[PDB]
Chemist: 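Structure below; questions to follow.
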Amino acid sequence: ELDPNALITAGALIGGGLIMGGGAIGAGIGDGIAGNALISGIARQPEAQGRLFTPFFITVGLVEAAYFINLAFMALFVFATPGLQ
Amino acid sequence: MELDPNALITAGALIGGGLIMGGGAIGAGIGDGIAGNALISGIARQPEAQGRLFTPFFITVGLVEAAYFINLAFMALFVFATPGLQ
Amino acid sequence: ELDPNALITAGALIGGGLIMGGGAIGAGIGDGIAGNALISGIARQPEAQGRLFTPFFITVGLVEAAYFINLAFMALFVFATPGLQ
Amino acid sequence: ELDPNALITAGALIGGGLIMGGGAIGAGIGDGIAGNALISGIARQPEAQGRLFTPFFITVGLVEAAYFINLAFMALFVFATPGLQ
Amino acid sequence: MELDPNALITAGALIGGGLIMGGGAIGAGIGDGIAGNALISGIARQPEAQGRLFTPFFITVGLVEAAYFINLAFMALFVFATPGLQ
Amino acid sequence: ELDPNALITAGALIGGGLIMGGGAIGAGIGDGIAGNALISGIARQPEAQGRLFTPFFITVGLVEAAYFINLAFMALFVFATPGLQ
Amino acid sequence: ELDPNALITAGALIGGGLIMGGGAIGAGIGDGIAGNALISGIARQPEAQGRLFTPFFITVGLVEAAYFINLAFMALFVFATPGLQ
Amino acid sequence: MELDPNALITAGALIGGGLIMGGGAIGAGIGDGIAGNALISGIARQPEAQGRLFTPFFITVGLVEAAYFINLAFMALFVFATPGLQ
Amino acid sequence: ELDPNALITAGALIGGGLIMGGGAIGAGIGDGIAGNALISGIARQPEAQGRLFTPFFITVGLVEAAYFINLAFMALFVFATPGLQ
Ligand SMILES: CCCCCCCCO[C@@H]1O[C@H](CO)[C@@H](O)[C@H](O)[C@H]1O
Ligand SMILES: CCCCCCCCO[C@@H]1O[C@H](CO)[C@@H](O)[C@H](O)[C@H]1O
Ligand SMILES: CCCCCCCCO[C@@H]1O[C@H](CO)[C@@H](O)[C@H](O)[C@H]1O
Ligand SMILES: CCCCCCCCO[C@@H]1O[C@H](CO)[C@@H](O)[C@H](O)[C@H]1O
Ligand SMILES: CCCCCCCCO[C@@H]1O[C@H](CO)[C@@H](O)[C@H](O)[C@H]1O
Ligand SMILES: CCCCCCCCO[C@@H]1O[C@H](CO)[C@@H](O)[C@H](O)[C@H]1O
Ligand SMILES: CCCCCCCCO[C@@H]1O[C@H](CO)[C@@H](O)[C@H](O)[C@H]1O
Ligand SMILES: CCCCCCCCO[C@@H]1O[C@H](CO)[C@@H](O)[C@H](O)[C@H]1O
Ligand SMILES: CCCCCCCCO[C@@H]1O[C@H](CO)[C@@H](O)[C@H](O)[C@H]1O
């Protein structure tokens with residue numbers, strides 16, 4: 001006993017998992033790489049501490065936009081599954 | 001037990017759409033973090049730069065985001081207008 | 001012999017595993033990259049220790065947010081599976 | 001109830017998604033890494049802007065060639081599926 | 001031909017547990033190698049550091065290993081106490 | 001209704017997608033990393049601009065060889081599928 | 001003709017493959033990155049050759065611990081499969 | 001509906017061969033790009049080197065390519081002589 | 001029509017492919033990263049060639065150990081499949 005939505009919903013959960021698994025790879029590594037520059041810049045140029053946070057937050061904003069746009073589509077896949085029967 | 005052809009096709013479409021956007025976010029998050037790493041370091045080294053660094057930064061981010069959003073458009077095709085649906 | 005929730009739960013477990021596998025890739029590598037800058041920065045200048053831990057912990061907080069938001073959605077997938085019949 | 005093209009088209013969509021997911025990982029990260037050198041190079045020496053955009057655009061052209069050759073084969077897989085019955 | 005519901009659920013649990021630990025080791029191996037890269041370089045540059053480098057090194061490795069072992073705990077949940085088993 | 005080649009062909013398209021998805025990850029990131037050195041070298045040593053292109057094209061040639069050998073095997077998988085029935 | 005353990009065992013081999021495939025990605029890249037620092041440190045500071053091996057082996061030990069703990073769980077999955085019927 | 005055992009085995013072989021070569025090209029493309037990055041930078045810094053840099057470059061590329069071609073040989077085994085075919 | 005070993009062998013081949021795909025990612029990238037330090041080190045100081053090959057070959061030995069231990073378990077999976085019926 002199966003029904004079509006069992007297979008569609010399984011596909012939706014696997015697809016949603018790929019969306020969020022990739023989002024976290026991009027966000028964790030992209031934010032780490034941005035922070036690496038912030039930390040090194042402050043070590044090299046202490047007086048710049050305050051001004052380095054502006055390009056840092058621009059960068060984190062871009063990185064997090066990918067994470068949260070992915071999250072929104074994961075939510076679509078698993079709560080409003082396109083093609084559900 | 002009941003399946004139909006579109007149950008399998010739609011499951012494949014969702015998995016494929018998920019691969020498209022999972023890979024898009026890996027490329028966008030890491031590419032934008034690497035571009036921003038250089039912006040931050042460049043401003044730390046040459047604070048007077050700033051102005052001349054944001055043009056190359058925006059060109060780089062534009063290229064990275066183009067991959068993200070072209071992928072997003074094809075994810076949308078896969079899941080809202082699946083090619084090969086029966 | 002199968003039933004619809006057997007296939008849905010299998011998809012939920014694979015999807016939850018993708019979510020946490022990607023979370024740990026982003027957290028382990030992003031935290032390592034942040035820490036690389038902290039360690040290098042302190043090596044270059046021992047008196048900067050305090051001032052470097054602040055951007056380090058901001059970076060780690062961002063990286064860990066990805067990890068734990070993913071963990072929450074893994075828990076949703078496997079304990080309150082969206083689409084279970 | 002299934003037919004052979006249902007399984008073939010499912011495989012084509014998964015395969016097309018792998019092609020484009022890998023294309024974007026290579027394009028986003030390769031373009032980011034190229035741009036990192038462009039930005040750093042201009043920071044070090046503002047008068048080098050023109051001369052650095054030339055190798056940058058050569059690099060981006062190579063990276064984008066991978067992306068768009070992959071995109072063409074994704075289109076082959078999902079619109080003119082090889083092996084469709 | 002005989003399957004039962006738990007055959008499918010347990011196969012999904014094992015694949016999911018494998019993803020959890022495969023990703024955990026990718027993050028732990030590369031994160032710990034990157035942390036150690038800085039420890040090694042820092043000692044090459046400032047051999048008298050040593051002492052002051054091991055505290056940031058251990059904090060970094062502790063964070064990386066926390067991801068590895070939290071993942072391991074959920075792999076164990078997935079395969080020894082599978083949620084949703086019938 | 002299925003037939004054996006439906007499953008074989010689905011496998012071939014997924015395998016071909018893995019081959020090209022991995023090829024583009026390797027090519028986009030490898031070419032970006034090669035170009036990063038080209039751009040930085042020209043920034044550091046402008047007079048070397050012309051001579052840096054020789055090791056650059058050797059490197060890109062190696063990277064692209066992996067991409068195109070993969071492409072050839074993807075073509076084999078999906079147009080001349082080994083094991084087709 | 002299938003039986004439940006055929007599907008469980010297939011899942012166990014795929015899960016074991018993911019465990020060891022991820023372990024080798026982490027170990028090969030983590031050890032390479034550790035060795036990069038060892039080689040560069042010796043190039044920069046020849047007299048330090050002997051003392052750099054201590055932090056190097058600490059680092060490799062951590063990296064290999066992930067590899068071999070993964071190996072042990074792969075062995076569990078494929079030789080003492082949890083949930084086997 | 002008709003399947004036979006080799007349809008499933010051959011589908012697994014093709015997916016497995018694809019993983020082998022997808023991973024081979026990831027390792028070869030990025031490893032060769034990283035090796036070449038050092039060759040290019042080394043020649044930028046020490047143009048008179050050149051000669052002494054190509055031996056370590058070729059040893060490194062030889063190691064990277066060995067992984068690529070050993071993988072290729074096993075992909076060929078998987079898909080042209082599948083172990084376990086019935 | 002199927003039999004249990006058809007599904008087990010399919011899982012073994014996918015699992016063996018994961019093992020070798022991950023082995024080559026770790027070996028190619030880890031060896032490239034080691035070699036990057038060797039090449040840079042010799043560029044900086046040609047007389048250090050001999051002394052840099054020693055840590056290079058230690059690093060490569062570690063990286064290759066991951067590759068070949070994985071290769072051995074791939075061979076176990078596909079030639080002496082654990083759980084074959
Ligand atoms: C939706 C796309 C948003 C991209 C980020 C843009 C944020 C604003 O970027 C601005 O650009 C200026 C150049 O005129 C810089 O000098 C400023 O520091 C910066 O705030
Ligand atoms: C969630 C994980 C956080 C771990 C925090 C461990 C405590 C680190 O604490 C740090 O110790 C330094 C001395 O080494 C001080 O100079 C810093 O100000 C302090 O933040
Ligand atoms: C879950 C996200 C955790 C990270 C949020 C951290 C926000 C920190 O905010 C920052 O604090 C700095 C302290 O010096 C200031 O210099 C900056 O101006 C300020 O933006
Ligand atoms: C396909 C994406 C290409 C984007 C190109 C954007 C235009 C960049 O144009 C660049 O502007 C520089 C000044 O900032 C000039 O010095 C360079 O010569 C010029 O190429
Ligand atoms: C799709 C591939 C796009 C990249 C192809 C770029 C080929 C550029 O070719 C290069 O042009 C340089 C310009 O200074 C010259 O210095 C080099 O000698 C020449 O090889
Ligand atoms: C199980 C966790 C093991 C983590 C590695 C710890 C190995 C011992 O680490 C020791 O720490 C000292 C600080 O007191 C350093 O000065 C020594 O060089 C080091 O041997
Ligand atoms: C099939 C394997 C091809 C590997 C690339 C080799 C390309 C030729 O490499 C040559 O090696 C010389 C050393 O004698 C270098 O000095 C030259 O710059 C280079 O052209
Ligand atoms: C398993 C792959 C190992 C390849 C080893 C190739 C031989 C490299 O041999 C190296 O040659 C150098 C000169 O270039 C010598 O200075 C080194 O001492 C020597 O180890
Ligand atoms: C399969 C694993 C291969 C790598 C094992 C290499 C062990 C080398 O051992 C090292 O040899 C060095 C030579 O200078 C010494 O300086 C170190 O003290 C010693 O620990």
Side-chain angles (χ1 to χ4, degrees), chain E residues 29-30 33-34 36-41 43-44, chain F residues 33 37 55 59 62, chain G residues 24 27-61 63-64, chain H residues 27-28 30-43 45-46 49-68 70, chain I residues 23-68:
Chain E
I30 296 175
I34 290 172
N37 174 289
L39 176 67
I40 296 159
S41 297
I43 296 165
Chain F
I33 288 171
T59 301
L62 289 163
Chain G
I29 296 176
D31 286 345
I33 288 171
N36 179 288
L38 177 66
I39 295 162
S40 294
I42 293 167
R44 178 208 225 276
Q45 189 86 242
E47 297 290 333
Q49 197 256 353
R51 82 174 179 255
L52 293 177
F53 274 94
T54 310
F56 173 73
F57 282 128
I58 290 166
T59 301
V60 167
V63 172
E64 296 290 342
Chain H
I30 296 175
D32 283 344
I34 290 172
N37 174 289
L39 176 67
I40 296 159
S41 297
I43 296 165
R45 286 185 71 266
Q46 316 260 323
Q50 268 258 332
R52 72 193 182 238
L53 296 180
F54 272 98
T55 277
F57 176 71
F58 289 145
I59 286 167
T60 302
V61 168
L63 287 160
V64 172
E65 294 291 340
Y68 183 81
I70 291 165
Chain I
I25 290 171
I29 295 176
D31 283 344
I33 287 171
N36 176 290
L38 176 69
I39 297 163
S40 293
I42 292 165
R44 279 208 335 154
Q45 41 177 253
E47 4 74 321
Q49 287 189 55
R51 110 158 79 84
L52 300 182
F53 273 99
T54 296
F56 171 77
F57 281 131
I58 291 170
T59 303
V60 163
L62 286 167
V63 172
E64 294 290 341
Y67 182 85
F68 284 101

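Lettering follows sequence order; numbering is per chain, from 1. Side chains are part of it too, since the values below use all heavy atoms of this structure and drop only hydrogens, waters and symmetry mates.
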Chemist: How long is the span from the OG1 atom in F:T59 to the CD1 atom in H:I34, to the nearest 0.5 Å?
Modeler: 11.5 Å
Chemist: Would you say CD of G:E47 has more than 12 non-hydrogen atoms from neighbouring residues, nucleotides or ligands within 6.0 angstrom?
Modeler: no
Chemist: Please report the closest heavy-atom contact between G:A27 and G:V63, naming both atoms and the distance.
Modeler: CA-CG1, 3.5 Å
Chemist: Kindly give the heavy-atom pair with the smallest separation between I:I39 and H:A35, and that separation in Å.
Modeler: CD1-O, 3.6 Å
Chemist: Looking at I:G41 and G:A43, what are the two nearest heavy atoms and their distance?
Modeler: CA-CB, 4.0 Å
Chemist: Does the side chain of G:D31 come within less than 4.5 Å of G:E64's, by heavy atoms?
Modeler: yes
Chemist: Evaluate the ring planes of I:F56 and I:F53, with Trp represented by its six-membered ring, and classify them as parallel (under 30°), tilted (30 to 60°) or perpendicular (over 60°).
Modeler: perpendicular
Chemist: What distance do H:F58 atom CZ and H:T55 atom OG1 have between them, rounded to the nearest 0.5 Å?
Modeler: 8.0 Å
Chemist: About how many Å separate CD1 of G:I29 and CD1 of I:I25, when rounded to the nearest 0.5 Å?
Modeler: 7.0 Å
Chemist: Evaluate the side-chain proximity of E:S41 to E:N37: yes if any heavy-atom separation is below 4.5 Å, no if none is.
Modeler: yes
Chemist: Just checking, is any N or O donor in the side chain of G:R51 or G:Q45 under 3.5 Å from an acceptor N or O on the other one?
Modeler: no
